[PDB]
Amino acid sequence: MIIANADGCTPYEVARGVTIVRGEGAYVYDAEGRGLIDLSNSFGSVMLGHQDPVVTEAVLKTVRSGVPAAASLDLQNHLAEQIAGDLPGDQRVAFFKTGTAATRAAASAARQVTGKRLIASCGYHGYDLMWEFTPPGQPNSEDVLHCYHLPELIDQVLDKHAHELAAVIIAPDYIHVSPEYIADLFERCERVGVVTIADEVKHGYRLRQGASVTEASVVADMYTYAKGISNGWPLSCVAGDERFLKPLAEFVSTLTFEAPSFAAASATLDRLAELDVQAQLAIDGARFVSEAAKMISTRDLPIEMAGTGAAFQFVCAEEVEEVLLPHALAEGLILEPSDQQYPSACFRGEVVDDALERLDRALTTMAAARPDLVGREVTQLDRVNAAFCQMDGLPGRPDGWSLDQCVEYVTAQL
């Protein structure tokens, strides 16, 4: 086709054989009027639900005013205050339009302050070539080294380059590793004096009202947000200590301060607080995951639930996931492949029961269509592969694997 970039982080791939035309709350609707429970939510950018009435009213009033970009100083500063006030310490906030822009800007700030170039990384930070994964110990074309969330690989990069690193940037994750495991990655870098960036683009405002790493007893020099803050409107930020944010003074685009996205984001943060969204998702998602695990068990299918609350995953072999996903779609349940699911604030009350009923039907048709899968075992390699897709790293060194085997595994995935 003529659109060159319809690949990568594009959501709703399971539904490419149907046509989605409307979204409302927890549901999206196809061209035939069928409602589907949406667990993609634009890859987690929709934290409140589609067409949230308060976000929509704020955007509509802003559009109808016609106020041009960079004129709504009170609103822009207010959103910055909202974001900074949820982080421990004294932060300034620089706004961008995508998560990739925010993470590259955070890295650029660290390079400007330290005068160093090399960056070490765990996780996916966006589409820019600076974030392209290369094997352990091999700097990519923009001088970024990738450590795959392993403390031993962080230790190697620190042993060889601690004096040379502008920063370490870590995307936290908690489905397959603990908060203590994530905190240890940050602390190893802090102890040698390396600037830290907590890449909260995925989890910021999803797991709690602020940065996920705060609850892991971590503080970072800079934090990046995008998905959680704006309910599907294109806004992101770097929030961090003044020393690192001052070099971003001129990091501005013509439409950095277009008003509709600021209105959406400020309303989103207020609504997340008002509806107690992250705490309620912890409860409702836990119920979904526990009941899903029970249904899988009674049907003897080779799937395991991992995680809970706002971030959980159907762990299974690729061959099994390729059956699960179409069977769920046929029952009106949209799941993202090779990733966590992304429930929104609308995944509460009867919506959870509706989703469970649809999953129950999908598991029944799956077992009837593919009886050869009933009784199949989930292997260690299934679990490792599922973790590597979800968190873009290894969930610690798997039991029985040497560090060399970990490096060979990761290299083979690229």
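Note that residue numbering follows the sequence shown and begins at 1.
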property: Greater mean Cα temperature factor according to the PDB record, 371-379 or 54-62; result: 371-379
property: 264-272 versus 184-192 - which carries the larger mean C-alpha B factor in the record; result: 184-192
property: Identity of residue with top Cα B-factor, from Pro337, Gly240, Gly309, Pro179; result: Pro337
property: Deposited CA B-factor, highest of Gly232, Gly137, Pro343, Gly99; result: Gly137
property: Among modelled residues of the same chain, the CA temperature factor third for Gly35; result: highest
property: Third of chain Cα B-factors occupied by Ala249; result: middle
property: Cα B factor band for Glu258 (lowest, middle or highest third within the chain); result: middle
property: Third of the chain's Cα B-factor distribution that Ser141 belongs to, per the entry; result: middle
property: Modelled-residue ranking by C-alpha temperature factor, third containing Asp173; result: lowest
